[PDB]
Each structure stands twice: as structure tokens, then as C-alpha cells.
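Working notes for the structure below.
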Amino acid sequence: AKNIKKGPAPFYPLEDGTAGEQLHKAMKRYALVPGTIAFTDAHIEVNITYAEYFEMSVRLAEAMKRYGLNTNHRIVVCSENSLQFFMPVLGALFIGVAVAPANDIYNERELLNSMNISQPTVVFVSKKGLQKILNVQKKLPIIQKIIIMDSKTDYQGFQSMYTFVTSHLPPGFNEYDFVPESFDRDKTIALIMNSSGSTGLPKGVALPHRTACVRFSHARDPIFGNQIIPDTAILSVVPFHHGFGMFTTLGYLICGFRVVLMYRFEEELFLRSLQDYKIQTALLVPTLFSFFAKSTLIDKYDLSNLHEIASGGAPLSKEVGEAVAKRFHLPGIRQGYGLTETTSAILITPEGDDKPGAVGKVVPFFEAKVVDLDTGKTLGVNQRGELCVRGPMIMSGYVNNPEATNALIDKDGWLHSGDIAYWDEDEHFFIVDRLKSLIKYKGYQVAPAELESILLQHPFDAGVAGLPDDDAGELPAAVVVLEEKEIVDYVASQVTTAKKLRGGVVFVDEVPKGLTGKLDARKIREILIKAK
Ligand SMILES: Nc1ncnc2c1ncn2[C@@H]1O[C@H](COS(=O)(=O)NC(=O)c2csc(-c3nc4ccc(O)cc4s3)n2)[C@@H](O)[C@H]1O
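Quick note, the sequence shown lines up with residues 4 to 462, 465 to 488, 495 to 543 if you use the deposited numbering.
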């Protein structure tokens with residue numbers, strides 16, 4: 004039992020009611036404080052207040068209700084990050100309609116797969132994503148209505164959220180007398196998120212309202228989240244359609260924070276925005292740390308108010324993290340680790356309990372352990388195995404896929420992450436890598452991160470994978486973005508014999524990786540397999 008790591012009691016208690024009720028209540032309070040800003044588009048320098056956000060979301064909620072949407076229905080939200088993104092999200096949560104965000108850069112096959120799973124009756128989509136939706140809806144007769152998110156007028160023959168609302172709301176509708184729907188928060192689905200899909204096509208991850216309600220505890224937790232304090236602004240550059248961006252942003256709204264967003268990253272827009280908006284917290288993914296590592300523009304700006312930079316969703320090398328923290332005059336980088344299937348982060352760096360390299364400690368309400376791959380036995384301190392976690396943010400299941408659900412989550416509620424991890428004498432957790440990413444040369448384990456960090460030492466980017474053999478099983482190899496034998500012999504001079512770059516090198520102009528910064532191990536393997 005000493006080998007089960009447990010979250011402590013929460014510093015902010017779990018709240019009663021559906022996630023919709025909790026968001027409604029908080030945002031109505033902020034709405035009544037004049038000038039409170041909920042979202043800011045840093046690209047166009049436009050703000051929207053809580054009063055405006057609250058009022059439009061409630062109008063969208065009532066309209067959707069009058070349209071006939073209820074807990075038997077799903078909507079899709081398909082959009083890049085924007086001021087409008089969370090309007091249909093909140094509207095739907097207020098009335099118990101399940102929300103299925105669809106990645107806005109999905110190709111048509113991926114997009115069709117996602118909506119085939121969520122089976123939406125109504126699709127909310129940005130101007131930019133509209134055509135992809137049209138290109139696949141023929142195969143999805145479930146869809147009865149398409150609404151454009153980021154237009155005020157009708158747009159290409161489709162209603163916008165504004166004209167939709169106006170065609171279903173009484174003109175004398177009072178937003179402040181609206182009452183959100185009450186329902187069973189364990190049974191009623193809040194979100195249907197898409198999984199990563201290592202085993203192929205993504206799945207639909209169903210998240211009861213309860214898991215959002217537990218997130219809101221973590222979010223308001225002064226130690227595992229961010230204490231509610233007026234005039235707090237966050238700069239977020241994380242995709243809203245992904246678990247990382249979805250449940251941080253809903254938390255920030257519950258906290259009454261100003262969420263400063265950007266539809267795409269640019270170094271200077273980011274840095275000026277930190278300054279001019281007096282940002283207290285920047286929420287990043289690891290891939291962006293490259294730009295900030297070399298400094299450049301940083302020390303020009305007044306970042307007096309920056310308290311923390313938080314990373315998640317992918318590995319962050321200890322070196323880069325420490326380097327970037329130093330430049331920003333921060334003690335370190337705050338981490339969070341989670342999976343779509345755990346709703347949000349369930350390992351988080353507690354305030355004042357930092358340890359370089361660690362992704363943090365088990366959050367309140369949760370437990371974690373690491374197990375033997377061969378027998379499933381619980382392992383002890385410093386022993387690497389598969390990270391398993393359990394707690395009330397674990398998904399209720401993959402939509403219409405009970406087999407995959409049971410393959411992931413066992414009878415005691417443990418979710419099997421597919422990550423190799425260990426914990427230390429103080430209960431800090433370290434992520435080694437995805438198990439499927441590990442390289443096995445003649446029986447010995449080789450972790451790509453160590454070879455990558457070593458290749459990064461040479462005076465731009467790189468990805469390490471296992472080139473198959475026949476005797477060795479795999480040989481450590483790398484694709485490298487420049488700023495072969497020169498690299499190979501350099502590596503062999505930094506590591507032990509078992510983890511030398513016998514696989515070779517393949518030069519590319521870009522290392523394949525996902526939105527949140529996870530390397531595409533499969534694509535990198537194909538690149539090496541073709542070349543060498
Ligand atoms: N911090 C991390 N370090 C190393 N690896 C990390 C990681 N986080 C996710 N991963 C990897 O992503 C995989 C899952 O990817 S995923 O399914 O797309 N889902 C996610 O990546 C995911 C879902 S929720 C979430 C986070 N929420 C947060 C809230 C606050 C905060 O400060 C930090 C975070 S991260 N991440 C994991 O299995 C793991 O391999």
C-alpha cells in the first residue's frame with residue numbers, strides 16, 4: 004500500500020451540481036462585475052467580458068433548448084481557438100447536451116471518423132472548418148443543422164450563432180432569469196473528446212459532468228491549480244478542442260480569469276502579449292520552448308507580472324525547462340500530466356513542491372501506481388513500469404466501444420496509460436516515455452529522450470526511433486533537423508555502448524510531431540525505414 008501514491012485532501016472542496024450549473028453560477032457572478040474580461044483575442048486586440056460571454060452563452064443555451072436539444076443529443080464544436088469557441092460549449096453544458104469538439108485540422112477521413120463516433124445532431128463550425136464539414140456530412144445523416152461560429156450574419160447560406168439565437172429566442176428574454184438544467188452528473192455526458200489513437204483511428208472519450216466538476220476543484224485549488232484572485236490574466240496557446248485546452252480553459256472561466264488567446268503562435272505577439280496584458284500564467288506546450296530557449300527578444304519586455312509558465316501534453320527535457328525558467332526569472336516550469344481519458348492532468352507540480360524533470364504529484368481524489376509489464380505486479384520506489392491511475396475524472400468509457408474501454412480500465416478502476424514512469428522517495432513522478440516509443444536493442448532498453456537530449460547538445466531539432474533489425478530487434482536511429496557519421500561518432504562518445512546510434516541518421520527539415528508536441532514515432536520510423 005506504501006507503493007500506491009495517493010493525492011492529498013483537496014485545498015478547494017468539490018462543489019455540488021452539474022458542471023453546467025457550476026459554470027453558470029460562477030460566470031453569472033463575474034458577469035455582474037462591470038468590466039471583467041473573460042476572453043481576449045491577442046491577434047485582433049478584441050475583448051469579450053464575462054457579462055457578454057455569459058449573456059450570449061445563456062442565449063445559445065435557451066435557443067438550443069427551444070430547438071429541441073436535450074440530454075439525448077450531441078453537438079459538435081469544430082473550430083480553431085477563438086473568442087467564440089466556448090459559447091456553444093457553455094450553452095450545451097447549461098442544458099445537458101453532450102459536446103464533441105472536433106480537431107479543426109483533422110483531414111476529412113479523421114473528421115468523418117470523429118463525427119461518425121459522436122453522431123452530432125447539430126454542428127457548430129468556424130468559417131475555416133465549414134468546407135471540411137460539408138465534404139463529409141453526406142455520410143452523416145444524423146446531422147440536421149450546421150451553424151457558423153465566427154460570423155455575425157448568415158454565412159454562405161448557414162445561420163450563425165447570432166441569427167440562430169434570434170430565430171428561436173423571444174425578444175424580451177432575460178438572460179439573468181435563466182436557470183441551467185439539473186440532472187444526474189454521473190450519468191449525463193459533458194464532453195466527448197477524441198483520443199490520441201496509437202492503435203489507429205481515435206476513439207470517442209465520454210466524460211460525465213462529474214469529471215468536469217472534479218476538474219473545477221483542481222482548477223480552484225491554490226496548490227494544484229490557481230487560486231481565485233481578481234485581475235488575473237492567463238495566456239493560453241493550447242488547442243481548445245483537446246483535453247489540455249478544454250479543461251484548463253473551463254477552469255479559468257470558473258476562476259473568473261481573463262483568458263488571452265491566439266489562433267496561431269508567433270514569438271513576438273506572444274511576448275508583447277505577456278507584457279501588455281500583465282499575464283500571470285502562460286500555458287504552453289513543450290514544442291514552443293525552442294523559441295524561448297535562445298532568448299532573443301525576452302529580456303526587452305517587462306514580464307514583471309509573470310508568476311509561472313506551465314507546460315503539459317508532452318515531454319519537456321529537464322535541460323530546456325531549466326534553461327527557459329532561468330531566462331524568464333522563474334524558479335522552474337510548472338508541469339501537468341494527463342490523458343484525454345483522464346479528463347485533465349492527474350499529476351501536477353504542486354505550488355512550492357517543485358523538482359526539475361518531474362511531472363509532479365498525484366492530484367486530490369486520485370491514486371497512482373506503476374506496474375510490471377509482464378505480471379502486472381505493483382512496483383516500488385524508483386522502479387520503472389507502466390503508469391496506472393484511478394480517480395473520479397476517469398472517463399465513463401469509449402463511445403460505443405466497450406472492448407477498448409475494458410482494455411484500458413480494469414475492474415478496480417485503474418486506467419493503464421501506456422506510459423513508462425517511476426516515482427521517487429518524495430512521491431514525485433517521472434515520465435520516461437510512451438512504452439511503444441521505447442527502443443529495445445538486443446534486450447536492452449533505449450529511451451529516445453536521452454539520445455535526443457544528447458543530439459540537441461550539438462551546435465536544431467531531432468527525433469529518435471528504432472530502425473528494425475533481425476538479430477538486435479531494433480537499432481537506435483534518428484531523424485535530425487540541422488542548424495551522419497559525424498553525428499553517430501559524436502553520440503557514441505557521450506553514451507554507453509548499448510545505446511549507440513547504430514541505426515544511423517536521416518536528415519529532414521522538420522521532425523514530425525502533433526499539436527501538443529508529441530513526436531510521431533510511427534512517421535519517424537517510416538522515414539528511417541525508407542531512407543536507411
Ligand atoms: N507533462 C507530460 N510529460 C510527458 N508526457 C506527457 C505529459 N502530458 C501528457 N503526456 C503524454 O501525452 C499522452 C496523452 O496525450 S493525450 O491523450 O493527448 N492527452 C493529453 O495530453 C492531456 C489530456 S489533459 C492534459 C493536461 N492537462 C493539464 C492541466 C493543467 C496543466 O498545468 C497541465 C496539463 S497537461 N493533457 C500521455 O500518455 C503522455 O504520453
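The C-beta atom is built at its ideal place from N, Cα and C for all residues, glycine as well.
Note: residue 412 is bridge-paired with 418 in the DSSP secondary-structure output.
Ligand 1 never approaches residue 207 closely enough for any of its heavy atoms to be under 7 Å from the residue's Cβ. At a threshold of 7 Å, residue 351 counts as near ligand 1, since its beta carbon sits closer than that to one of the ligand's heavy atoms. Classified as exposed, residue 200 has fewer than 16 neighbouring CB atoms from the shown chains inside 10 Å of its CB. Straight-line measurement puts the Cα of residue 514 at about 7 Å from the Cα of residue 471. Three or more beta-carbon pairs drawn from the segment 49-67 and the segment 167-181 are found closer than 8 Å, and the two stretches are therefore classed as touching. Apart from the 5 residues on each side of it in sequence, residue 151 sits with its Cβ closer than 6 Å to the Cβ of 158, 161, 163 in its chain, given in chain order.
Within the DSSP secondary-structure output, residue 287 pairs in a beta bridge with 314. Residue 42 counts as buried, since at least 16 other C-beta atoms from the protein chains shown sit within 10 angstroms of its C-beta. In the structure shown, residue 81 adopts extended strand secondary structure according to DSSP, grouped into three states. DSSP lists 208 as the beta-bridge partner residues of residue 196. The beta carbon of residue 442 lies closer than 6 Å to those of 449, 471, 479, 481 in the same chain, with the five residues before and after it left out. Distance from the C-beta of residue 44 to the nearest heavy atom of ligand 1 is not below 7 Å. Residue 499 is not a Cβ neighbour of residue 518, given a cutoff of 8 Å. Within its own chain, the residues whose Cβ lies closer than 8 Å to the Cβ of residue 287, once the five positions on either side in sequence are excluded, are 240, 241, 312, 313, 314, listed in chain order. Look at residue 401: its beta carbon is at least 7 Å from all of the heavy atoms in ligand 1.
With contact defined as three or more Cβ pairs closer than 8 Å, the segment 422-433 and the segment 385-403 are in contact. The beta-carbon separation of residue 363 and residue 339, rounded to 7 Å, stays under the 8 Å limit for a contact. Rounded to whole angstroms, the gap between the alpha carbons of residue 317 and residue 418 is 18 Å. Between ligand 1 and residue 170, a heavy atom-to-CB distance of less than 7 Å is absent.
When C-alpha distances from residue 91 are compared across 165, 52, 139, 542, the shortest belongs to 165. Proximity of the beta carbon of residue 252 to ligand 1 is not indicated: no heavy atom of the ligand is located closer than 7 Å.
Secondary structure in the segment 44-104: the alpha helix (DSSP H) runs of 4 residues or longer, each lying completely within the stretch, are 53-69, 89-98 in chain order. Taking C-beta atoms as the reference points, residue 39 and residue 379 fail to come closer than 8 Å. Separation of residue 103 and residue 84 (C-alpha to C-alpha, rounded to the nearest whole angstrom) is 15 Å. Distance from residue 516 to residue 457 at the Cβ level is roughly 13 Å; contact not present, criterion being Cβ atoms closer than 8 Å. Of the candidates 221, 282, 438, 172, the residue whose Cα lies closest to the Cα of residue 13 is 221.
Inclusion of residue 340 in the 7 Å shell around ligand 1 follows from its C-beta lying nearer than that to a non-hydrogen atom of the ligand. DSSP, reduced to helix, strand and coil, places residue 481 within a strand of the structure shown.
Note: residue 338 is bridge-paired with 314 in the DSSP secondary-structure output.
Three or more pairs of CB atoms, one per stretch, sit closer than 8 Å, so the segment 188-196 contacts the segment 206-223. Boundaries of the beta strand (DSSP E) around residue 436: 432-437. Remark: the C-beta of residue 313 is in contact range of ligand 1, defined as less than 7 Å to any heavy atom.
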